[PDB]
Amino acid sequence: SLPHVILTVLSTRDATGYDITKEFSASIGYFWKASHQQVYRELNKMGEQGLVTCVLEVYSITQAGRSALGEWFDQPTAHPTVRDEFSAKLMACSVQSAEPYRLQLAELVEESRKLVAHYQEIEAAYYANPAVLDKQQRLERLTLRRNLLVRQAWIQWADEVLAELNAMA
């Protein structure tokens, strides 16, 4: 969860509250959405939990923090249960005016298209060739690639639905 995402950052090096939030508005934003607020609040809870401490010379991960990160890591991670809202709404189109849905779908497709374009721009600019990227960069690249492939798959699906919603009426 959020604290493990934060512990991961600190596991490589100590960092200020700003360094950390800069990650969330950068590479971490490719797979985990959290506001600077939420982040500071979590960092706070983590301090009381003893998972992180403060230094002057700056947040630093503690042995407890390291232990929790490892425990999290070892736990099996599985696919979230399937309960697709878009599919659920689609099925109701047999008894509801498909108008509202069709517009809400077409709308989210365009945004998705914009988001895919954004990610592709970023990949070409900083993650075009893995072979020349550091380990940390290859990892970031992969998290970026996930949104891309999935989002693209969803757009492909959305278009298929958008088509059926016409050939039926």
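Numbers follow the displayed sequence, beginning with 1.
Participant: How many residues that are in the deposited sequence but not in the model lie between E48 and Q49: none, 1 to 3, 4 to 9, or 10 or more?
Facilitator: Per the deposited record, the segment joining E48 and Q49 has no missing residues.
Participant: Can you tell me whether 69-77 has a higher mean C-alpha B factor than 82-90 in this record, or the other way round?
Facilitator: Comparing averages over the C-alpha atoms only gives 69-77.
Participant: Highest mean C-alpha temperature factor of the two stretches 121-129 and 99-107, which is it?
Facilitator: Result: 99-107.
Participant: Highest Cα B-factor in the deposition, which of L144, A64, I28, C54?
Facilitator: That would be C54, according to the entry.
Participant: If you rank every modelled residue in this chain by C-alpha B factor, which third holds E42: lowest, middle or highest?
Facilitator: Its C-alpha B-factor, which the entry lists for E42, ranks in the middle third among residues of this chain.
Participant: Please place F24 in the lowest, middle or highest third of its chain according to the CA B-factor in the PDB entry.
Facilitator: CA B-factor rank for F24: middle third.
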